[PDB]
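Below is one structure, written out as structure tokens; the observations come after it.
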Amino acid sequence: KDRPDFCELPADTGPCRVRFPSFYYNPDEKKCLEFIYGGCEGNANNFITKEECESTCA
Amino acid sequence: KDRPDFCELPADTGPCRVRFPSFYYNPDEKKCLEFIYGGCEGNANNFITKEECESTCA
Amino acid sequence: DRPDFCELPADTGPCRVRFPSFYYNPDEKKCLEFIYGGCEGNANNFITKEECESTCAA
């Protein structure tokens, strides 16, 4: 495998109102994508910048 | 118009914690992509299958 | 070498819809059919046998 399993988790905005720009790795598209995150909870496939997403999820 | 305006809304897991793998239209990528929906609330850009998303949002 | 989730048991979860799916069974060294109920469960959960085999079989 080329990346940790959490990179394969679908985007989760968490339960807070969606307000913040964040990034997640989309394994189907093989790319890190912007989404709107609530700021609280969610899952490990959640990065502050595209660069950090790309470093972790390759 | 190619699709309803609601197709451009962000993915929204909502405030509940019943994790349903679901699909949303990503207008940037022009693709129906997977996200976690929490089972309540959220918005109209929320489909039970990729096929339903692709028919409704193109 | 393959994802950790390949080693998790099949899990239909508690929801009451029907998504025929495949999971990897390490004892059998093959992917096997199960019904996913639509929510919860785990990542050892594929729409096609071929994807399950690609990801989880040696």
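Labeling convention for the structure tokens: chains A, B, ... as they appear, residues from 1 per chain, ligands from 1 in order of appearance.
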
>> Select, as a ChimeraX atom specification, those residues of chain C with any atom no more than 9 Å from chain A (distances computed using only C-alpha atoms).
In response: /C:1-5,43,55

> Once you count only C-alpha atoms, which residues of chain A turn out to be within 6 Å of chain B? Could you give them as a ChimeraX atom specification?
Replying inline: /A:10-13,15

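For the pair chain B and chain A, the all-Cα root-mean-square deviation following least-squares superposition comes to 0.9 Å.
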
>> What does the structure give for the distance between CA of residue 9 in chain C and CA of residue 34 in chain C, in Å to one decimal?
In response: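 Interatomic distance here is 10.9 Å.
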
Fewer than 4 positions away in the same chain doesn't count, so skip those; otherwise give me all residues within 12 Å of range 13-19 of chain C, counting only C-alpha atoms, as a PDB file with N, CA, C and O atoms, in the first residue's frame.
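Resulting contents of around_12.pdb:
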ATOM      1  N   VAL B  18     -25.037   8.699  12.732  1.00  0.00           N
ATOM      2  CA  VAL B  18     -25.327   7.438  12.050  1.00  0.00           C
ATOM      3  C   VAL B  18     -24.621   7.500  10.697  1.00  0.00           C
ATOM      4  O   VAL B  18     -25.103   8.164   9.783  1.00  0.00           O
ATOM      5  N   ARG B  19     -23.473   6.829  10.581  1.00  0.00           N
ATOM      6  CA  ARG B  19     -22.584   7.097   9.439  1.00  0.00           C
ATOM      7  C   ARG B  19     -22.991   6.328   8.183  1.00  0.00           C
ATOM      8  O   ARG B  19     -22.752   5.130   8.073  1.00  0.00           O
ATOM      9  N   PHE B  20     -23.624   7.041   7.253  1.00  0.00           N
ATOM     10  CA  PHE B  20     -24.035   6.466   5.972  1.00  0.00           C
ATOM     11  C   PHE B  20     -23.061   6.919   4.888  1.00  0.00           C
ATOM     12  O   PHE B  20     -23.020   8.111   4.564  1.00  0.00           O
ATOM     13  N   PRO B  21     -22.301   5.992   4.301  1.00  0.00           N
ATOM     14  CA  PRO B  21     -21.543   6.335   3.094  1.00  0.00           C
ATOM     15  C   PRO B  21     -22.510   6.847   2.026  1.00  0.00           C
ATOM     16  O   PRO B  21     -23.532   6.195   1.738  1.00  0.00           O
ATOM     17  N   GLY B  39     -26.994  11.161   8.978  1.00  0.00           N
ATOM     18  CA  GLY B  39     -28.333  10.608   9.126  1.00  0.00           C
ATOM     19  C   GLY B  39     -29.422  11.640   9.322  1.00  0.00           C
ATOM     20  O   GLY B  39     -30.595  11.301   9.256  1.00  0.00           O
ATOM     21  N   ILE B  48     -27.903   8.639  -2.121  1.00  0.00           N
ATOM     22  CA  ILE B  48     -27.663   7.310  -1.522  1.00  0.00           C
ATOM     23  C   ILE B  48     -26.724   6.421  -2.346  1.00  0.00           C
ATOM     24  O   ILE B  48     -26.150   5.448  -1.826  1.00  0.00           O
ATOM     25  N   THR B  49     -26.562   6.750  -3.628  1.00  0.00           N
ATOM     26  CA  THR B  49     -25.650   5.996  -4.492  1.00  0.00           C
ATOM     27  C   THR B  49     -24.971   6.968  -5.451  1.00  0.00           C
ATOM     28  O   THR B  49     -25.479   8.066  -5.682  1.00  0.00           O
TER      29      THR B  49
ATOM     30  N   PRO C   9     -13.590  -8.125  10.552  1.00  0.00           N
ATOM     31  CA  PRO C   9     -14.719  -8.978  10.181  1.00  0.00           C
ATOM     32  C   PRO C   9     -15.721  -8.224   9.313  1.00  0.00           C
ATOM     33  O   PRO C   9     -15.820  -6.998   9.389  1.00  0.00           O
ATOM     34  N   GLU C  33     -19.234 -12.663  -0.392  1.00  0.00           N
ATOM     35  CA  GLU C  33     -20.414 -11.800  -0.387  1.00  0.00           C
ATOM     36  C   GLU C  33     -20.953 -11.594   1.008  1.00  0.00           C
ATOM     37  O   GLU C  33     -20.952 -12.517   1.827  1.00  0.00           O
ATOM     38  N   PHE C  34     -21.427 -10.376   1.253  1.00  0.00           N
ATOM     39  CA  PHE C  34     -22.285 -10.089   2.403  1.00  0.00           C
ATOM     40  C   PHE C  34     -23.234  -8.933   2.091  1.00  0.00           C
ATOM     41  O   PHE C  34     -23.075  -8.264   1.083  1.00  0.00           O
ATOM     42  N   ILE C  35     -24.238  -8.734   2.941  1.00  0.00           N
ATOM     43  CA  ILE C  35     -25.156  -7.592   2.783  1.00  0.00           C
ATOM     44  C   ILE C  35     -24.721  -6.485   3.730  1.00  0.00           C
ATOM     45  O   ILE C  35     -24.604  -6.709   4.943  1.00  0.00           O
ATOM     46  N   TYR C  36     -24.474  -5.298   3.184  1.00  0.00           N
ATOM     47  CA  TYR C  36     -24.255  -4.108   4.018  1.00  0.00           C
ATOM     48  C   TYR C  36     -25.605  -3.406   4.204  1.00  0.00           C
ATOM     49  O   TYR C  36     -26.341  -3.198   3.235  1.00  0.00           O
ATOM     50  N   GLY C  37     -25.932  -3.060   5.444  1.00  0.00           N
ATOM     51  CA  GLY C  37     -27.244  -2.468   5.763  1.00  0.00           C
ATOM     52  C   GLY C  37     -27.375  -0.968   5.515  1.00  0.00           C
ATOM     53  O   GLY C  37     -28.473  -0.406   5.676  1.00  0.00           O
ATOM     54  N   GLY C  38     -26.268  -0.321   5.128  1.00  0.00           N
ATOM     55  CA  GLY C  38     -26.273   1.070   4.659  1.00  0.00           C
ATOM     56  C   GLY C  38     -25.581   2.067   5.573  1.00  0.00           C
ATOM     57  O   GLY C  38     -25.271   3.183   5.151  1.00  0.00           O
ATOM     58  N   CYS C  39     -25.353   1.684   6.830  1.00  0.00           N
ATOM     59  CA  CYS C  39     -24.668   2.580   7.761  1.00  0.00           C
ATOM     60  C   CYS C  39     -23.726   1.826   8.692  1.00  0.00           C
ATOM     61  O   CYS C  39     -23.812   0.607   8.848  1.00  0.00           O
ATOM     62  N   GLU C  40     -22.819   2.581   9.310  1.00  0.00           N
ATOM     63  CA  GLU C  40     -21.830   2.025  10.214  1.00  0.00           C
ATOM     64  C   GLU C  40     -20.996   0.934   9.513  1.00  0.00           C
ATOM     65  O   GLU C  40     -20.649   1.085   8.331  1.00  0.00           O
ATOM     66  N   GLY C  41     -20.691  -0.155  10.223  1.00  0.00           N
ATOM     67  CA  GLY C  41     -19.787  -1.170   9.673  1.00  0.00           C
ATOM     68  C   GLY C  41     -18.361  -0.651   9.570  1.00  0.00           C
ATOM     69  O   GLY C  41     -17.914   0.172  10.389  1.00  0.00           O
ATOM     70  N   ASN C  42     -17.629  -1.152   8.573  1.00  0.00           N
ATOM     71  CA  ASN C  42     -16.207  -0.860   8.475  1.00  0.00           C
ATOM     72  C   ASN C  42     -15.748  -0.895   7.036  1.00  0.00           C
ATOM     73  O   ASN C  42     -16.535  -1.165   6.135  1.00  0.00           O
ATOM     74  N   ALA C  43     -14.465  -0.632   6.831  1.00  0.00           N
ATOM     75  CA  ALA C  43     -13.938  -0.416   5.495  1.00  0.00           C
ATOM     76  C   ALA C  43     -13.705  -1.717   4.714  1.00  0.00           C
ATOM     77  O   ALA C  43     -13.332  -1.674   3.527  1.00  0.00           O
ATOM     78  N   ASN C  45     -15.323  -3.627   2.885  1.00  0.00           N
ATOM     79  CA  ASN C  45     -16.673  -3.422   2.358  1.00  0.00           C
ATOM     80  C   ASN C  45     -16.553  -2.818   0.985  1.00  0.00           C
ATOM     81  O   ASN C  45     -16.216  -1.647   0.847  1.00  0.00           O
ATOM     82  N   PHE C  46     -16.770  -3.658  -0.023  1.00  0.00           N
ATOM     83  CA  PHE C  46     -16.519  -3.285  -1.410  1.00  0.00           C
ATOM     84  C   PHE C  46     -17.738  -3.581  -2.255  1.00  0.00           C
ATOM     85  O   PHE C  46     -18.465  -4.534  -2.000  1.00  0.00           O
ATOM     86  N   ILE C  47     -17.940  -2.756  -3.268  1.00  0.00           N
ATOM     87  CA  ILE C  47     -19.059  -2.930  -4.184  1.00  0.00           C
ATOM     88  C   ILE C  47     -18.827  -4.102  -5.136  1.00  0.00           C
ATOM     89  O   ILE C  47     -19.784  -4.792  -5.523  1.00  0.00           O
ATOM     90  N   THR C  48     -17.574  -4.326  -5.526  1.00  0.00           N
ATOM     91  CA  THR C  48     -17.250  -5.444  -6.423  1.00  0.00           C
ATOM     92  C   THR C  48     -16.242  -6.404  -5.814  1.00  0.00           C
ATOM     93  O   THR C  48     -15.350  -5.989  -5.057  1.00  0.00           O
TER      94      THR C  48
END

> Could you pull the residues within 7 Å of residue 52 in chain C, counting only C-alpha atoms, minus those fewer than 5 positions along the same chain, as a list in words?
Replying inline: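 That gives residues 22, 23, 24, 31 and 46 of chain C.
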
Selected residues, C-alpha atoms, written as a PDB file, in the first residue's frame, please.
ATOM      1  CA  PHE C  22     -17.863  -8.044  -0.727  1.00  0.00           C
ATOM      2  CA  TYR C  23     -15.435  -8.386   2.167  1.00  0.00           C
ATOM      3  CA  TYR C  24     -12.039 -10.043   2.421  1.00  0.00           C
ATOM      4  CA  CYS C  31     -13.428 -12.111  -1.018  1.00  0.00           C
ATOM      5  CA  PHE C  46     -16.519  -3.285  -1.410  1.00  0.00           C
TER       6      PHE C  46
END

At a cut-off of 7 Å, using only C-alpha atoms, what residues contact residue 32 in chain A? Leave out same-chain residues fewer than 2 positions from it and give the result as a PDB file with N, CA, C and O atoms, in the first residue's frame.
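Dumped everything to selection_35.pdb:
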ATOM      1  N   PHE A  23      -8.883  20.090   3.659  1.00  0.00           N
ATOM      2  CA  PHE A  23      -8.560  19.163   2.559  1.00  0.00           C
ATOM      3  C   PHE A  23      -8.698  17.706   2.968  1.00  0.00           C
ATOM      4  O   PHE A  23      -8.456  17.356   4.114  1.00  0.00           O
ATOM      5  N   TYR A  24      -9.110  16.870   2.026  1.00  0.00           N
ATOM      6  CA  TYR A  24      -9.132  15.436   2.261  1.00  0.00           C
ATOM      7  C   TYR A  24      -8.620  14.721   1.025  1.00  0.00           C
ATOM      8  O   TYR A  24      -8.694  15.270  -0.087  1.00  0.00           O
ATOM      9  N   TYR A  25      -8.096  13.521   1.219  1.00  0.00           N
ATOM     10  CA  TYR A  25      -7.623  12.737   0.077  1.00  0.00           C
ATOM     11  C   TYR A  25      -8.774  11.932  -0.498  1.00  0.00           C
ATOM     12  O   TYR A  25      -9.441  11.189   0.234  1.00  0.00           O
ATOM     13  N   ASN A  26      -8.994  12.058  -1.805  1.00  0.00           N
ATOM     14  CA  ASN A  26     -10.010  11.252  -2.457  1.00  0.00           C
ATOM     15  C   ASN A  26      -9.313  10.134  -3.236  1.00  0.00           C
ATOM     16  O   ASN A  26      -8.636  10.424  -4.235  1.00  0.00           O
ATOM     17  N   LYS A  50      -3.429  21.654   1.264  1.00  0.00           N
ATOM     18  CA  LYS A  50      -3.303  20.636   0.212  1.00  0.00           C
ATOM     19  C   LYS A  50      -1.949  19.947   0.297  1.00  0.00           C
ATOM     20  O   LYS A  50      -1.864  18.727   0.184  1.00  0.00           O
ATOM     21  N   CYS A  53      -1.913  17.305   3.036  1.00  0.00           N
ATOM     22  CA  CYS A  53      -2.716  16.178   2.573  1.00  0.00           C
ATOM     23  C   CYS A  53      -1.891  15.324   1.603  1.00  0.00           C
ATOM     24  O   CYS A  53      -1.866  14.098   1.693  1.00  0.00           O
ATOM     25  N   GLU A  54      -1.186  15.996   0.702  1.00  0.00           N
ATOM     26  CA  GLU A  54      -0.468  15.299  -0.354  1.00  0.00           C
ATOM     27  C   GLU A  54       0.735  14.556   0.217  1.00  0.00           C
ATOM     28  O   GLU A  54       1.067  13.464  -0.240  1.00  0.00           O
TER      29      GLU A  54
END

> Taking the backbone alone, and naming residues the way the document does, which bits of range 2-58 of chain B are strand (DSSP E) by DSSP, as a list in words?
Replying inline: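 Answer for range 2-58 of chain B, restricted to strand (DSSP E): residues 20, 21, 22, 23, 24, 25, 26, 31, 32, 33, 34, 35, 36 and 37 of chain B.
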
> What is the CA of residue 52 in chain B-CA of residue 27 in chain A distance in Å, reported with one decimal?
Replying inline: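 So the answer is 20.3 Å.
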
>> Based on the backbone DSSP call, show me all residues of chain A assigned helix (DSSP H, G or I), as a PyMOL selection string.
In response: chain A and resi 5-8+50-57

Output the selection as a JSON list (two decimals), in the first residue's frame - C-alpha atoms for each residue.
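Once everything was written out, this is part-v5.json:
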[["chain", "number", "residue", "atom", "x", "y", "z"],
["A", 5, "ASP", "CA", -5.74, 3.48, 5.55],
["A", 6, "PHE", "CA", -7.28, 6.71, 6.91],
["A", 7, "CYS", "CA", -6.53, 8.36, 3.54],
["A", 8, "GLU", "CA", -9.31, 6.17, 2.11],
["A", 50, "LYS", "CA", -3.30, 20.64, 0.21],
["A", 51, "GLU", "CA", 0.45, 20.16, 0.71],
["A", 52, "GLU", "CA", 0.02, 18.39, 4.03],
["A", 53, "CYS", "CA", -2.72, 16.18, 2.57],
["A", 54, "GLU", "CA", -0.47, 15.30, -0.35],
["A", 55, "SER", "CA", 2.53, 14.52, 1.88],
["A", 56, "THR", "CA", 0.54, 12.17, 4.11],
["A", 57, "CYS", "CA", -1.74, 10.55, 1.52]]

> What does the distance from CA of residue 45 in chain A to CA of residue 12 in chain C come to in Å, to one decimal?
Replying inline: 23.4 Å
